[PDB]
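See below for the structure under consideration.
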Amino acid sequence: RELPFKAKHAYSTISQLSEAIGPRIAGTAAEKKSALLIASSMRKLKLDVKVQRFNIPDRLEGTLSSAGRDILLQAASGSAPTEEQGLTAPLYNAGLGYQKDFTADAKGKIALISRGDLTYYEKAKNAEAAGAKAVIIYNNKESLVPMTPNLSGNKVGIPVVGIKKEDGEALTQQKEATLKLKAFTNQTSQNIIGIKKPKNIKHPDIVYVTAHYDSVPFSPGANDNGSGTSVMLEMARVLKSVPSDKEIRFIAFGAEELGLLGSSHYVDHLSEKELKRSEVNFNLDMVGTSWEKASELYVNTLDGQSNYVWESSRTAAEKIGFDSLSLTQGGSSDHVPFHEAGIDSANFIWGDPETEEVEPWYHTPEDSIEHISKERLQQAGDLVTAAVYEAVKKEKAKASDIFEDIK
Ligand SMILES: [Zn+2]
Ligand SMILES: [Zn+2]
């Protein structure tokens with residue numbers, strides 16, 4: 001029947017998350033404020049809401065200087081802090097960070113490594129095995145912000161930081177640098193779970209509609225992923241008055257940008273009973289960009305194969321007349337823990353129909369509401385709402401499929 005998804009509602013939610021709150025870094029007060037907002041919104045929708053808390057890694061922050069130049073940095077989660085006075089050591093130019101690039105001269109020095117070829121972890125691991133005191137990785141691409149040198153969930157015993165291209169290029173000419181990094185401990189995040197349960201069905205099939213509500217540092221996260229969070233909530237509003245024998249769980253996942261930490265926690269804590277009842281996960285991540293080229297709505301499965309999510313989406317696209325739906329392979333969002341547990345899942349995201357690429361604003365301060373399209377929210381919202389309606393109406397992954405920006 002009629003499913004009045006309204007993108008204006010989603011836009012309003014994106015404004016609340018990305019403008020009134022701003023960047024929602026995992027573990028920070030902004031993410032906790034966002035969780036309160038999402039929980040409050042779900043309760044308005046007649047949902048049974050719980051907040052599920054979980055520990056996340058220490059958060060590293062600090063500064064870097066050399067020859068009087070202060071350099072903005074982003075510290076890698078899972079690397080070491082410094083003493084409060086900071087770590088001062090000579091710089092060692094290690095090129096791209098292959099094993100061959102570390103001579104005996106590297107021991108006791110801060111390894112300066114250009115991004116490229118190798119993963120950030122491989123670079124940091126090669127430097128540490130070579131006796132480096134710390135690792136500075138500088139971007140090989142221009143960017144508004146220093147790159148995060150994501151370590152693919154590994155732990156490194158020395159500091160690892162990422163800096164901008166022009167800063168690293170200057171650093172290749174300097175003798176030494178000082179790094180000051182503090183670890184903030186006791187970090188926690190949370191998931192917000194709102195359940196629409198059928199009143200007199202015993203052990204119903206479970207359908208998950210999910211989106212992560214955290215963003216990367218310095219990004220307002222309007223599209224990644226205020227958009228998916230907002231479309232998930234508006235779909236919950238639409239489906240509130242839809243009878244169903246399925247148990248529908250709408251979930252806002254925390255700490256996705258650190259490696260799917262919230263969805264991994266959530267799926268890990270499902271009982272075996274719930275896993276057997278688990279039917280399908282529709283994950284929404286980046287569904288509102290205004291970027292003109294991102295005209296194709298992709299359905300990403302971890303193996304690129306069809307599953308129940310694709311079937312329902314294919315059917316929905318036919319019912320609403322939408323011809324720019326494509327099935328493709330992709331991980332690195334919260335559908336992945338569901339897939340690993342054997343539950344049909346997929347991630348919905350707009351992409352360049354030529355190449356699948358996303359907007360240039362991704363993971364930058366320009367991931368802002370200025371670059372959100374209500375028409376894209378509306379079309380994505382109408383498609384996934386119809387797909388979930390089709391599903392509910394009555395009658396281990398490799399590191400590069402888990403993490404984002406690992407090289
Ligand atoms: Zn995302
Ligand atoms: Zn992201």
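Every chain in the structure tokens takes a letter, A first, then B, and so on in the order presented; its residues are numbered from 1, and the ligands are numbered from 1 following the presented order.
Taking only C-alpha atoms and all ligand atoms into account, the protein and nucleic acid residues that come at most 7 Å from ligand 1 are residues 212, 224, 225, 285, 286 and 333 of chain A.
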Throw together the list of residues within 12 Å of ligand 2, counting only C-alpha atoms and all ligand atoms, and drop it here as a CSV table (one decimal) with N, CA, C and O atoms, in the first residue's frame.
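After the write, pocket.csv holds the following:
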```csv
chain,number,residue,atom,x,y,z
A,23,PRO,N,30.6,16.8,14.0
A,23,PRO,CA,31.4,15.5,13.9
A,23,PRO,C,31.0,14.6,15.1
A,23,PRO,O,30.9,15.1,16.3
A,24,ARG,N,30.8,13.3,14.9
A,24,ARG,CA,30.4,12.4,16.0
A,24,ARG,C,31.4,11.3,16.1
A,24,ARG,O,31.2,10.2,15.7
A,25,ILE,N,32.6,11.7,16.6
A,25,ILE,CA,33.7,10.7,16.7
A,25,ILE,C,33.4,9.7,17.8
A,25,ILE,O,32.9,10.0,18.9
A,26,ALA,N,33.6,8.4,17.4
A,26,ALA,CA,33.3,7.3,18.3
A,26,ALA,C,33.9,7.6,19.7
A,26,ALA,O,35.1,7.9,19.8
A,148,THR,N,44.2,9.7,8.4
A,148,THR,CA,44.2,8.7,9.5
A,148,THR,C,45.0,7.5,9.1
A,148,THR,O,44.5,6.8,8.1
A,150,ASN,N,45.0,4.2,9.5
A,150,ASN,CA,44.3,3.1,10.1
A,150,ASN,C,45.1,1.8,10.1
A,150,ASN,O,45.6,1.4,9.0
A,211,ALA,N,22.1,1.4,10.5
A,211,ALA,CA,22.9,2.5,10.0
A,211,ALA,C,23.8,3.0,11.1
A,211,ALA,O,23.4,3.0,12.3
A,212,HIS,N,25.1,3.3,10.8
A,212,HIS,CA,26.0,3.8,11.8
A,212,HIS,C,25.8,5.3,12.0
A,212,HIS,O,25.6,6.0,11.0
A,213,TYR,N,25.9,5.8,13.2
A,213,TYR,CA,25.7,7.2,13.5
A,213,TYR,C,26.9,8.0,13.9
A,213,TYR,O,26.9,9.1,14.2
A,214,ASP,N,28.1,7.3,13.9
A,214,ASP,CA,29.3,8.0,14.1
A,214,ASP,C,30.0,8.5,12.8
A,214,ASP,O,29.6,8.1,11.7
A,215,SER,N,30.9,9.4,12.9
A,215,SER,CA,31.6,9.9,11.8
A,215,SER,C,33.1,10.0,12.1
A,215,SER,O,33.5,9.9,13.3
A,216,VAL,N,33.9,10.3,11.1
A,216,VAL,CA,35.4,10.4,11.3
A,216,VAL,C,35.7,11.8,11.8
A,216,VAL,O,35.0,12.7,11.6
A,217,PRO,N,36.9,11.9,12.5
A,217,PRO,CA,37.3,13.3,13.0
A,217,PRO,C,37.2,14.3,11.9
A,217,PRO,O,37.6,14.0,10.7
A,218,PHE,N,36.8,15.5,12.3
A,218,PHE,CA,36.7,16.7,11.4
A,218,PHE,C,35.7,16.6,10.4
A,218,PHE,O,35.5,17.6,9.6
A,219,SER,N,34.9,15.5,10.3
A,219,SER,CA,33.8,15.4,9.3
A,219,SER,C,32.5,15.6,10.0
A,219,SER,O,32.2,14.8,10.9
A,220,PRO,N,31.7,16.5,9.6
A,220,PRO,CA,30.3,16.6,10.1
A,220,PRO,C,29.5,15.3,9.8
A,220,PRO,O,28.5,15.1,10.4
A,221,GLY,N,30.0,14.4,8.9
A,221,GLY,CA,29.3,13.2,8.7
A,221,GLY,C,27.9,13.3,8.2
A,221,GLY,O,27.0,12.5,8.6
A,222,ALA,N,27.6,14.3,7.4
A,222,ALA,CA,26.3,14.5,6.9
A,222,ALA,C,25.8,13.3,6.1
A,222,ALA,O,24.8,12.6,6.3
A,223,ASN,N,26.7,12.9,5.1
A,223,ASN,CA,26.4,11.7,4.3
A,223,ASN,C,26.9,10.4,4.8
A,223,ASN,O,26.3,9.4,4.7
A,224,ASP,N,28.1,10.5,5.4
A,224,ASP,CA,28.7,9.3,6.1
A,224,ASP,C,28.8,9.5,7.6
A,224,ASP,O,29.8,10.0,8.1
A,225,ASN,N,27.7,9.2,8.3
A,225,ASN,CA,26.5,8.5,7.8
A,225,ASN,C,25.2,9.1,8.5
A,225,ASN,O,24.4,8.3,8.9
A,226,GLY,N,25.2,10.4,8.6
A,226,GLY,CA,23.9,11.0,9.0
A,226,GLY,C,22.8,10.6,8.1
A,226,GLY,O,21.7,10.3,8.5
A,227,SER,N,23.1,10.4,6.8
A,227,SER,CA,22.1,10.1,5.8
A,227,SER,C,21.5,8.7,6.1
A,227,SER,O,20.3,8.6,6.1
A,228,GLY,N,22.3,7.7,6.3
A,228,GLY,CA,21.7,6.4,6.6
A,228,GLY,C,21.0,6.3,7.9
A,228,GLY,O,19.9,5.7,8.0
A,254,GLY,N,27.0,2.4,16.9
A,254,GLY,CA,28.1,3.3,17.2
A,254,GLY,C,29.4,2.8,16.7
A,254,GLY,O,29.5,1.6,16.4
A,255,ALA,N,30.4,3.7,16.6
A,255,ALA,CA,31.8,3.3,16.5
A,255,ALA,C,32.0,2.4,15.2
A,255,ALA,O,32.9,1.5,15.2
A,256,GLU,N,31.3,2.6,14.1
A,256,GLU,CA,31.6,1.9,12.9
A,256,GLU,C,32.9,2.3,12.3
A,256,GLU,O,33.6,1.5,11.6
A,257,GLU,N,33.3,3.6,12.5
A,257,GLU,CA,34.5,4.1,11.7
A,257,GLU,C,35.8,3.5,12.3
A,257,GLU,O,36.8,3.6,11.6
A,258,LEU,N,35.7,2.9,13.5
A,258,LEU,CA,36.9,2.3,14.1
A,258,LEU,C,37.0,0.8,13.7
A,258,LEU,O,37.9,0.1,14.2
A,259,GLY,N,36.1,0.3,12.8
A,259,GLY,CA,36.2,-1.1,12.4
A,259,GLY,C,34.9,-1.9,12.8
A,259,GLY,O,35.0,-3.0,13.2
A,260,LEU,N,33.8,-1.3,12.6
A,260,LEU,CA,32.5,-2.0,12.8
A,260,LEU,C,32.3,-2.4,14.2
A,260,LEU,O,31.8,-3.5,14.5
A,285,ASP,N,24.2,3.1,4.4
A,285,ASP,CA,25.4,3.9,4.7
A,285,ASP,C,25.8,4.7,3.5
A,285,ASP,O,26.3,4.1,2.5
A,286,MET,N,25.6,5.9,3.5
A,286,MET,CA,25.8,6.9,2.5
A,286,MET,C,24.8,6.9,1.4
A,286,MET,O,25.0,6.5,0.3
A,331,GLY,N,32.3,-4.5,1.3
A,331,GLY,CA,32.2,-4.7,2.7
A,331,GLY,C,32.3,-3.4,3.4
A,331,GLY,O,31.8,-2.4,3.0
A,332,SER,N,33.1,-3.3,4.5
A,332,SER,CA,33.4,-2.1,5.2
A,332,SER,C,32.2,-1.3,5.7
A,332,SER,O,32.3,-0.1,5.7
A,333,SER,N,31.1,-1.9,6.0
A,333,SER,CA,30.1,-1.3,6.8
A,333,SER,C,29.4,-2.4,7.6
A,333,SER,O,29.8,-3.5,7.7
A,334,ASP,N,28.3,-2.0,8.3
A,334,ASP,CA,27.8,-2.8,9.4
A,334,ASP,C,27.0,-4.0,8.9
A,334,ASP,O,26.6,-4.8,9.8
A,349,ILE,N,24.2,2.2,-0.9
A,349,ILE,CA,25.0,3.4,-1.0
A,349,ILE,C,25.0,3.9,-2.4
A,349,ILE,O,24.9,3.1,-3.4
A,358,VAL,N,32.5,7.0,-4.8
A,358,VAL,CA,31.7,7.9,-4.0
A,358,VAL,C,32.2,9.3,-4.1
A,358,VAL,O,33.2,9.6,-4.8
A,359,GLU,N,31.5,10.2,-3.4
A,359,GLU,CA,31.8,11.6,-3.6
A,359,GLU,C,33.2,12.0,-3.1
A,359,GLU,O,33.8,11.3,-2.3
A,361,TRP,N,33.9,14.3,-1.2
A,361,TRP,CA,33.8,14.9,0.2
A,361,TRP,C,33.9,13.9,1.3
A,361,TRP,O,34.0,14.3,2.5
A,362,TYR,N,33.8,12.6,1.0
A,362,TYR,CA,33.8,11.5,1.9
A,362,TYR,C,35.0,11.6,2.9
A,362,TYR,O,36.2,11.8,2.4
A,363,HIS,N,34.7,11.5,4.2
A,363,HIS,CA,35.8,11.6,5.2
A,363,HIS,C,36.5,12.9,5.3
A,363,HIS,O,37.7,12.9,5.7
A,364,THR,N,35.9,14.0,4.8
A,364,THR,CA,36.5,15.3,4.9
A,364,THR,C,35.5,16.3,5.6
A,364,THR,O,34.4,16.0,5.8
A,367,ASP,N,32.0,16.8,4.0
A,367,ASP,CA,30.9,15.9,4.2
A,367,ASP,C,29.8,16.5,5.1
A,367,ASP,O,29.6,16.1,6.2
A,402,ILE,N,36.6,-5.0,6.2
A,402,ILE,CA,36.1,-4.6,7.5
A,402,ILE,C,36.4,-3.1,7.7
A,402,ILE,O,35.5,-2.3,8.1
A,403,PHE,N,37.6,-2.6,7.4
A,403,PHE,CA,38.0,-1.3,7.7
A,403,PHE,C,37.9,-0.4,6.5
A,403,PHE,O,37.8,-0.8,5.4
A,404,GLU,N,37.9,0.9,6.8
A,404,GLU,CA,38.0,2.0,5.7
A,404,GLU,C,39.3,2.6,5.8
A,404,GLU,O,39.9,2.8,6.9
A,405,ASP,N,39.9,3.0,4.7
A,405,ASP,CA,41.1,3.8,4.6
A,405,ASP,C,42.3,3.1,5.3
A,405,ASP,O,42.9,3.7,6.3
A,406,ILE,N,42.6,1.9,4.9
A,406,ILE,CA,43.8,1.2,5.5
A,406,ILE,C,45.0,1.3,4.7
A,406,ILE,O,46.0,0.7,5.0
```
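Across A:103, A:326, A:290, A:313, the tightest approach to residue 368 (chain A) is made by A:290 when counting only C-alpha atoms.
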Neighbour list for residue 39 (chain A) as a PyMOL selection string, cut-off 10 Å, only C-alpha atoms, skip fewer than 4 positions in-chain: chain A and resi 34-35+43-44+47-51+191-194+251-252
Only N, CA, C and O atoms, please: the residues just picked out, written as a CSV table (one decimal), in the first residue's frame.
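See selection_33.csv below for the written result:
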```
chain,number,residue,atom,x,y,z
A,34,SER,N,24.4,12.3,20.3
A,34,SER,CA,23.7,11.7,19.2
A,34,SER,C,22.9,10.5,19.6
A,34,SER,O,21.7,10.3,19.1
A,35,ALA,N,23.4,9.6,20.4
A,35,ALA,CA,22.7,8.5,20.9
A,35,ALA,C,21.5,8.9,21.6
A,35,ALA,O,20.4,8.2,21.5
A,43,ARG,N,11.8,6.3,20.5
A,43,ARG,CA,10.7,6.2,21.4
A,43,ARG,C,9.4,6.9,20.9
A,43,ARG,O,8.3,6.4,21.2
A,44,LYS,N,9.6,8.0,20.2
A,44,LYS,CA,8.4,8.7,19.6
A,44,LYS,C,7.7,7.7,18.7
A,44,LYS,O,6.5,7.9,18.5
A,47,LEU,N,8.6,2.5,19.4
A,47,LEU,CA,9.6,1.4,19.4
A,47,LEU,C,10.0,1.1,20.9
A,47,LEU,O,10.1,2.0,21.7
A,48,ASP,N,10.3,-0.2,21.1
A,48,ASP,CA,10.9,-0.6,22.4
A,48,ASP,C,12.4,-0.4,22.3
A,48,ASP,O,13.1,-1.1,21.5
A,49,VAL,N,13.0,0.6,23.0
A,49,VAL,CA,14.3,1.1,22.8
A,49,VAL,C,15.2,0.7,23.9
A,49,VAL,O,14.9,0.8,25.1
A,50,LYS,N,16.4,0.2,23.5
A,50,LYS,CA,17.5,-0.1,24.5
A,50,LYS,C,18.7,0.5,24.0
A,50,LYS,O,19.0,0.6,22.8
A,51,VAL,N,19.6,0.9,25.0
A,51,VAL,CA,20.9,1.4,24.7
A,51,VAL,C,21.9,0.4,25.1
A,51,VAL,O,21.9,-0.1,26.3
A,191,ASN,N,25.2,1.3,21.0
A,191,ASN,CA,24.2,1.1,19.9
A,191,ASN,C,22.8,1.5,20.5
A,191,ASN,O,22.6,1.3,21.7
A,192,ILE,N,22.0,1.9,19.6
A,192,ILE,CA,20.6,2.3,20.0
A,192,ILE,C,19.7,1.4,19.2
A,192,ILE,O,19.7,1.4,17.9
A,193,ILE,N,18.9,0.5,19.9
A,193,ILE,CA,18.1,-0.5,19.3
A,193,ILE,C,16.6,-0.2,19.5
A,193,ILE,O,16.2,-0.2,20.7
A,194,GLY,N,15.9,0.0,18.5
A,194,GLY,CA,14.4,0.2,18.6
A,194,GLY,C,13.7,-1.0,17.9
A,194,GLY,O,13.9,-1.2,16.7
A,251,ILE,N,18.4,-0.3,14.1
A,251,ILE,CA,19.6,-0.1,15.0
A,251,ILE,C,20.4,1.0,14.4
A,251,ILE,O,20.7,1.1,13.2
A,252,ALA,N,20.8,1.9,15.3
A,252,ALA,CA,21.9,2.9,15.1
A,252,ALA,C,23.1,2.4,15.7
A,252,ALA,O,23.2,2.3,17.0
```
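If you count only C-alpha atoms and ignore residues fewer than 4 places along the chain from residue 248 (chain A), what sits within 8 Å of it is residues 195, 196, 197, 206, 207, 208 and 209 of chain A.
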Mind checking which residues fall within 8 Å of residue 120 (chain A), counting only C-alpha atoms, ignoring those fewer than 2 positions away in the same chain, and posting them as a ChimeraX atom specification? /A:115,118,122-124,137,149-151,406-407
What's the 10 Å shell around region 351-353 of chain A, counting only C-alpha atoms, without same-chain residues fewer than 3 positions away, as JSON, numbers by chain? {"A": [286, 287, 289, 291, 292, 293, 294, 295, 296, 297, 298, 324, 325, 326, 348, 356, 357, 358, 359]}
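Omitting residue 7 (chain A) and its sequence neighbours fewer than 5 positions away, and counting only C-alpha atoms, the residues within 8 Å are residues 231, 234, 374, 375, 377, 378 and 381 of chain A.
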As a check of understanding: the span from CA of residue 15 (chain A) to CA of residue 382 (chain A) is 20.2 Å
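Shortest separation to residue 198 (chain A) among A:145, A:242, A:10, A:177 occurs at residue A:242, atoms counted being only C-alpha atoms.
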Write out as JSON lines the residues of region 89-163 of chain A that have any atom within 9 Å of an atom of region 78-83 of chain A, one row each with the nearest atom pair and its distance in Å to one decimal, counting only C-alpha atoms, sorted by chain and then rising number.
```
{"residue": "A:134", "atom": "CA", "partner": "A:80", "partner_atom": "CA", "distance": 8.6}
{"residue": "A:150", "atom": "CA", "partner": "A:78", "partner_atom": "CA", "distance": 8.8}
{"residue": "A:151", "atom": "CA", "partner": "A:78", "partner_atom": "CA", "distance": 7.2}
{"residue": "A:153", "atom": "CA", "partner": "A:78", "partner_atom": "CA", "distance": 7.1}
{"residue": "A:154", "atom": "CA", "partner": "A:78", "partner_atom": "CA", "distance": 6.6}
{"residue": "A:155", "atom": "CA", "partner": "A:78", "partner_atom": "CA", "distance": 4.8}
{"residue": "A:156", "atom": "CA", "partner": "A:79", "partner_atom": "CA", "distance": 4.8}
{"residue": "A:157", "atom": "CA", "partner": "A:80", "partner_atom": "CA", "distance": 5.5}
{"residue": "A:158", "atom": "CA", "partner": "A:80", "partner_atom": "CA", "distance": 4.8}
{"residue": "A:159", "atom": "CA", "partner": "A:80", "partner_atom": "CA", "distance": 4.4}
{"residue": "A:160", "atom": "CA", "partner": "A:79", "partner_atom": "CA", "distance": 5.7}
{"residue": "A:161", "atom": "CA", "partner": "A:79", "partner_atom": "CA", "distance": 8.5}
```
How about saving the chosen residues, C-alpha atoms kept, as a PDB file, in the first residue's frame?
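Okay, result.pdb is ready:
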```pdb
ATOM      1  CA  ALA A 134      57.593   6.336  16.076  1.00  0.00           C
ATOM      2  CA  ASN A 150      44.308   3.105  10.091  1.00  0.00           C
ATOM      3  CA  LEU A 151      46.132   0.014  11.374  1.00  0.00           C
ATOM      4  CA  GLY A 153      42.702  -3.324  13.921  1.00  0.00           C
ATOM      5  CA  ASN A 154      46.278  -4.287  14.774  1.00  0.00           C
ATOM      6  CA  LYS A 155      48.225  -2.980  17.743  1.00  0.00           C
ATOM      7  CA  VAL A 156      51.559  -1.223  17.239  1.00  0.00           C
ATOM      8  CA  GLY A 157      53.938  -0.574  20.129  1.00  0.00           C
ATOM      9  CA  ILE A 158      55.181   2.830  18.964  1.00  0.00           C
ATOM     10  CA  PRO A 159      53.264   6.006  18.071  1.00  0.00           C
ATOM     11  CA  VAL A 160      51.788   6.086  14.556  1.00  0.00           C
ATOM     12  CA  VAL A 161      50.424   9.356  13.143  1.00  0.00           C
TER      13      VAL A 161
END
```
Please, which residues of region 22-248 of chain A, numbered as in this document, come out strand (DSSP E or B) from DSSP, as JSON, numbers by chain? {"A": [48, 49, 50, 51, 52, 53, 54, 55, 59, 60, 61, 62, 63, 64, 65, 66, 69, 70, 71, 73, 74, 75, 87, 88, 89, 90, 91, 92, 93, 110, 111, 112, 113, 114, 116, 118, 134, 135, 136, 137, 138, 160, 161, 162, 163, 176, 177, 178, 179, 180, 181, 182, 183, 184, 188, 189, 190, 191, 192, 193, 194, 195, 196, 206, 207, 208, 209, 210, 211, 212, 247, 248]}
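Picture a line from CA of residue 113 (chain A) to CA of residue 261 (chain A); it runs 28.1 Å.
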Using only C-alpha atoms, find each residue of region 84-113 of chain A with at least one atom at most 10 Å away from an atom of region 62-70 of chain A; report its shortest atom-to-atom pair and that distance in Å (one decimal), sort the rows by chain and rising residue number, and return the result as CSV.
```
residue,atom,partner,partner_atom,distance
A:86,CA,A:63,CA,9.2
A:87,CA,A:64,CA,9.5
A:88,CA,A:66,CA,9.4
A:91,CA,A:66,CA,9.7
```
Pull N, CA and C atoms from the residues just selected and write them as a PDB file, in the first residue's frame.
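As written to disk, selection-v2.pdb reads:
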```pdb
ATOM      1  N   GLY A  86      56.779  14.474  25.674  1.00  0.00           N
ATOM      2  CA  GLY A  86      56.843  14.195  24.258  1.00  0.00           C
ATOM      3  C   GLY A  86      58.064  13.383  23.863  1.00  0.00           C
ATOM      4  N   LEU A  87      58.002  12.862  22.646  1.00  0.00           N
ATOM      5  CA  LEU A  87      59.072  12.057  22.068  1.00  0.00           C
ATOM      6  C   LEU A  87      59.809  12.895  21.023  1.00  0.00           C
ATOM      7  N   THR A  88      61.073  13.214  21.290  1.00  0.00           N
ATOM      8  CA  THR A  88      61.929  13.900  20.333  1.00  0.00           C
ATOM      9  C   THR A  88      62.999  12.929  19.858  1.00  0.00           C
ATOM     10  N   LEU A  91      64.735  12.294  12.529  1.00  0.00           N
ATOM     11  CA  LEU A  91      63.863  11.755  11.493  1.00  0.00           C
ATOM     12  C   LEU A  91      64.645  10.833  10.562  1.00  0.00           C
TER      13      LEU A  91
END
```
